[PDB]
Amino acid sequence: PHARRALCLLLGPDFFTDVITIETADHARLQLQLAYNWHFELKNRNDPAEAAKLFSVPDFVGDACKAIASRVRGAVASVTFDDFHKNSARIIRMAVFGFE
Amino acid sequence: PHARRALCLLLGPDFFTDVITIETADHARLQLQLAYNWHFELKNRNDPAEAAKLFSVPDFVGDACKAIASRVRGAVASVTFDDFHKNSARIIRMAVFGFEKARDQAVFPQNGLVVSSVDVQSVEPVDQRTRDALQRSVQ
Amino acid sequence: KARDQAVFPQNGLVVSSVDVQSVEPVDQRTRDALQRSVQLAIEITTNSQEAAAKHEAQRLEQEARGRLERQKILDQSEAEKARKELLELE
Amino acid sequence: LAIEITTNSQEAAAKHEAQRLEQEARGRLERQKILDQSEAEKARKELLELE
């Protein structure tokens, strides 16, 4: 959670990776290296308030992966191992994003 | 409850973690890492009364986790292990927030602390023999 | 159906919430007993997995023979459409 | 002996459920079955005309 110090907040279209450890309904123990493509998006780069919002969350990465892990881990527990292994792609890609 | 002393009261959108130990109806011993994304929410920032309300609860974090563990631990006792293991996500997500299906933000009215979402990152059988029994289930 | 605050009148103290954080069987022997009850609780779930699984295989087995047996029928009748003609020549 | 009775009550309600589900199984299955046999008889009758 604290393993790196930094001074400039990188907001451009970088990605970060994570390794989560999740469990299926079948109680299959799984480990997934995920990458999350991310970028901050500032609609009013000039607005001094919305700029500072950028630094609102102390640990933007932490905040992010913390959430994405919870989201997957919670959803995969609801699915069968075989079923996951066959659909991982869209299971996650749906468990992370508010499906439409 | 008292392992960190501090001078500035952090009120902005941080998250704090906790590791609780809860029992299901099946008497499954479970241990969860919960993160609680939170923020204090002051409407009248300049009003000195509501400003000081920030320092009402002497241990805002304690009070918060204290209360959350009670809410989870209480509602997980009325639920079956397996049924929980399939719906942990929403079992907790409801037990922490007064359901309306659920609600999505808890307010602690004394100090104004708002808990915005719970991140259930890690849930484990405490007893080894139980985790073993499950291993054959996967087999 | 219950209440939410307990006012102690003598000194005005109010208890606003009871946070039951932990509850434990005091006797070791008891908590031993209950660990077997969970052993048999995933037992029942393990077995109901096994169960509804075998129940599937059987319905799949039913598709199998039930379709296959009809394909077989609709084959023999095609052969008969031929055998009759051959039986004319015969 | 108090957790005895509850521990055994879990087993009991489990087996009763197991059995109700078992009912679902044979119950549908044996009717899926009849609905195949009749479907085959729809074919077999025509075959018997050729036969």
# chains A, B, ... in the order shown; residues from 1 in each chain; ligands from 1

call {"tool": "residues_around", "arguments": {"residues": "residue 29 of chain D", "least_positions_apart": "3", "cutoff": "8 Å", "atoms": "only C-alpha atoms", "output": "PyMOL selection string"}}
result
(chain C and resi 58-59+62) or (chain D and resi 25-26+32-33)

call {"tool": "residues_around", "arguments": {"residues": "residue 46 of chain D", "least_positions_apart": "4", "cutoff": "12 Å", "atoms": "only C-alpha atoms", "output": "list in words"}}
result
residues 73, 74, 75, 76, 77, 78, 80 and 81 of chain C; 39, 40, 41, 42, 50 and 51 of chain D

call {"tool": "closest_atom_pairs", "arguments": {"of": "chain B", "to": "chain A", "cutoff": "6 Å", "atoms": "only C-alpha atoms", "output": "CSV"}}
result
residue,atom,partner,partner_atom,distance
B:13,CA,A:57,CA,5.5
B:14,CA,A:57,CA,5.8
B:86,CA,A:78,CA,4.6
B:89,CA,A:74,CA,4.7
B:119,CA,A:70,CA,5.0
B:120,CA,A:70,CA,5.1
B:121,CA,A:70,CA,4.7
B:138,CA,A:26,CA,5.4

call {"tool": "closest_atom_pairs", "arguments": {"of": "chain C", "to": "chain A", "cutoff": "12 Å", "atoms": "only C-alpha atoms", "output": "tab-separated table"}}
result
residue	atom	partner	partner_atom	distance
C:42	CA	A:27	CA	10.9
C:45	CA	A:26	CA	10.2
C:46	CA	A:26	CA	9.1
C:48	CA	A:26	CA	12.0
C:49	CA	A:26	CA	8.9
C:50	CA	A:26	CA	11.3

call {"tool": "write_last_selection", "arguments": {"atoms": "C-alpha atoms", "output": "tab-separated table (two decimals), in the first residue's frame"}}
result
chain	number	residue	atom	x	y	z
C	42	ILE	CA	-19.77	-28.35	3.66
C	45	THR	CA	-23.03	-28.80	0.17
C	46	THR	CA	-20.27	-31.00	-1.28
C	48	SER	CA	-25.50	-31.55	-3.12
C	49	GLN	CA	-22.88	-30.53	-5.69
C	50	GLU	CA	-22.16	-34.17	-6.50

call {"tool": "select_by_dssp", "arguments": {"residues": "segment 4-132 of chain B", "states": "strand (DSSP E or B)", "output": "ChimeraX atom specification"}}
result
/B:15-23,29-40,106-108,113-125

call {"tool": "atom_distance", "arguments": {"atom1": "atom CA of residue 96 of chain A", "atom2": "atom CA of residue 2 of chain A"}}
result
23.9 Å

call {"tool": "closest_atom_pairs", "arguments": {"of": "chain B", "to": "chain D", "cutoff": "12 Å", "atoms": "only C-alpha atoms", "output": "tab-separated table"}}
result
residue	atom	partner	partner_atom	distance
B:25	CA	D:10	CA	10.7
B:26	CA	D:10	CA	8.8
B:27	CA	D:7	CA	10.4
B:80	CA	D:10	CA	11.1

call {"tool": "residues_around", "arguments": {"residues": "residue 68 of chain B", "least_positions_apart": "6", "cutoff": "9 Å", "atoms": "only C-alpha atoms", "output": "list in words"}}
result
residues 95 and 96 of chain B; 19 and 21 of chain C

call {"tool": "interface_residues", "arguments": {"of": "chain C", "to": "chain B", "cutoff": "7 Å", "atoms": "only C-alpha atoms", "output": "ChimeraX atom specification"}}
result
/C:19-21,34-35,37-39,41,46

call {"tool": "select_by_dssp", "arguments": {"residues": "chain C", "states": "alpha helix (DSSP H)", "output": "MDAnalysis selection string"}}
result
chainID C and resid 28:89

call {"tool": "closest_residue", "arguments": {"among": "C:55, C:83, C:31, C:3", "to": "chain D", "atoms": "only C-alpha atoms"}}
result
C:55

call {"tool": "residues_around", "arguments": {"residues": "residue 53 of chain B", "least_positions_apart": "5", "cutoff": "8 Å", "atoms": "only C-alpha atoms", "output": "list in words"}}
result
residues 110, 111 and 112 of chain B

call {"tool": "closest_residue", "arguments": {"among": "C:53, C:44, C:89, C:16", "to": "chain D", "atoms": "only C-alpha atoms"}}
result
C:44

call {"tool": "residues_around", "arguments": {"residues": "residue 10 of chain A", "least_positions_apart": "6", "cutoff": "12 Å", "atoms": "only C-alpha atoms", "output": "list in words"}}
result
residues 16, 38, 39, 40, 41, 54, 55, 60 and 61 of chain A

call {"tool": "atom_distance", "arguments": {"atom1": "atom CA of residue 6 of chain B", "atom2": "atom CA of residue 116 of chain B"}}
result
23.2 Å

call {"tool": "closest_residue", "arguments": {"among": "D:24, D:30, D:36, D:17", "to": "chain C", "atoms": "only C-alpha atoms"}}
result
D:36

call {"tool": "atom_distance", "arguments": {"atom1": "atom CA of residue 37 of chain D", "atom2": "atom CA of residue 19 of chain D"}}
result
26.5 Å

call {"tool": "closest_residue", "arguments": {"among": "D:47, D:12, D:4, D:20", "to": "chain C", "atoms": "only C-alpha atoms"}}
result
D:47

call {"tool": "closest_residue", "arguments": {"among": "C:87, C:18, C:51, C:57", "to": "chain D", "atoms": "only C-alpha atoms"}}
result
C:51

call {"tool": "decode", "arguments": {"residues": "segment 15-46 of chain D", "atoms": "N, CA and C atoms", "output": "compact mmCIF listing (two decimals), in the first residue's frame"}}
result
# COMPACT_ATOMS: atom_id res chain seq x y z
N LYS D 15 -30.79 -33.94 4.19
CA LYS D 15 -31.22 -35.18 3.52
C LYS D 15 -32.63 -35.09 2.94
N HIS D 16 -33.52 -34.40 3.65
CA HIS D 16 -34.87 -34.14 3.15
C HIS D 16 -34.84 -33.30 1.89
N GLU D 17 -33.95 -32.31 1.86
CA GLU D 17 -33.76 -31.49 0.68
C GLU D 17 -33.18 -32.34 -0.44
N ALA D 18 -32.04 -32.96 -0.16
CA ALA D 18 -31.42 -33.91 -1.08
C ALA D 18 -32.46 -34.79 -1.76
N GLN D 19 -33.41 -35.27 -0.97
CA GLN D 19 -34.48 -36.13 -1.47
C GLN D 19 -35.50 -35.39 -2.30
N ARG D 20 -35.80 -34.14 -1.95
CA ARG D 20 -36.75 -33.37 -2.75
C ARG D 20 -36.13 -33.05 -4.11
N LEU D 21 -34.83 -32.77 -4.11
CA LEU D 21 -34.10 -32.50 -5.33
C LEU D 21 -34.05 -33.77 -6.18
N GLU D 22 -33.69 -34.88 -5.53
CA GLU D 22 -33.78 -36.22 -6.13
C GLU D 22 -35.12 -36.44 -6.86
N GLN D 23 -36.20 -35.91 -6.27
CA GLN D 23 -37.54 -36.00 -6.84
C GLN D 23 -37.63 -35.20 -8.13
N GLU D 24 -37.16 -33.96 -8.08
CA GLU D 24 -37.01 -33.15 -9.27
C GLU D 24 -36.37 -34.00 -10.39
N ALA D 25 -35.28 -34.69 -10.07
CA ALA D 25 -34.50 -35.47 -11.04
C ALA D 25 -35.34 -36.53 -11.74
N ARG D 26 -35.57 -37.65 -11.07
CA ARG D 26 -36.38 -38.73 -11.63
C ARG D 26 -37.70 -38.24 -12.19
N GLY D 27 -38.29 -37.25 -11.53
CA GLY D 27 -39.60 -36.73 -11.91
C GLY D 27 -39.64 -36.14 -13.30
N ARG D 28 -38.69 -35.25 -13.58
CA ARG D 28 -38.60 -34.66 -14.90
C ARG D 28 -38.03 -35.69 -15.85
N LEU D 29 -36.88 -36.23 -15.48
CA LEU D 29 -36.16 -37.19 -16.30
C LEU D 29 -37.08 -38.24 -16.93
N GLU D 30 -37.91 -38.88 -16.11
CA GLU D 30 -38.80 -39.95 -16.57
C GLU D 30 -39.93 -39.43 -17.45
N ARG D 31 -40.12 -38.12 -17.44
CA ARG D 31 -41.11 -37.49 -18.29
C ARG D 31 -40.45 -36.95 -19.56
N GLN D 32 -39.21 -36.46 -19.45
CA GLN D 32 -38.40 -36.15 -20.64
C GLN D 32 -38.35 -37.42 -21.45
N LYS D 33 -38.16 -38.53 -20.74
CA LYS D 33 -38.11 -39.88 -21.29
C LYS D 33 -39.36 -40.22 -22.10
N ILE D 34 -40.53 -40.18 -21.47
CA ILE D 34 -41.78 -40.47 -22.17
C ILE D 34 -41.91 -39.61 -23.41
N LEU D 35 -41.44 -38.37 -23.32
CA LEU D 35 -41.58 -37.42 -24.42
C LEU D 35 -40.54 -37.65 -25.52
N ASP D 36 -39.58 -38.53 -25.25
CA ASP D 36 -38.68 -39.06 -26.27
C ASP D 36 -39.26 -40.31 -26.92
N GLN D 37 -39.72 -41.25 -26.09
CA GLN D 37 -40.32 -42.50 -26.55
C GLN D 37 -41.46 -42.24 -27.52
N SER D 38 -42.28 -41.23 -27.20
CA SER D 38 -43.38 -40.83 -28.07
C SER D 38 -42.86 -40.20 -29.35
N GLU D 39 -41.74 -39.50 -29.24
CA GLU D 39 -41.14 -38.85 -30.40
C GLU D 39 -40.56 -39.89 -31.33
N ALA D 40 -39.99 -40.94 -30.75
CA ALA D 40 -39.47 -42.07 -31.52
C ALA D 40 -40.60 -42.88 -32.16
N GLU D 41 -41.73 -42.96 -31.45
CA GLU D 41 -42.90 -43.68 -31.95
C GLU D 41 -43.53 -42.96 -33.12
N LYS D 42 -43.37 -41.64 -33.15
CA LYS D 42 -43.80 -40.85 -34.30
C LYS D 42 -42.99 -41.24 -35.53
N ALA D 43 -41.71 -41.55 -35.34
CA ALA D 43 -40.87 -42.01 -36.44
C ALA D 43 -41.13 -43.47 -36.76
N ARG D 44 -41.12 -44.30 -35.72
CA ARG D 44 -41.28 -45.75 -35.85
C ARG D 44 -42.54 -46.19 -36.58
N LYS D 45 -43.62 -45.43 -36.43
CA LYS D 45 -44.87 -45.76 -37.10
C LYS D 45 -44.72 -45.69 -38.61
N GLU D 46 -44.04 -44.65 -39.09
CA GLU D 46 -43.78 -44.48 -40.52
C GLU D 46 -42.87 -45.57 -41.06
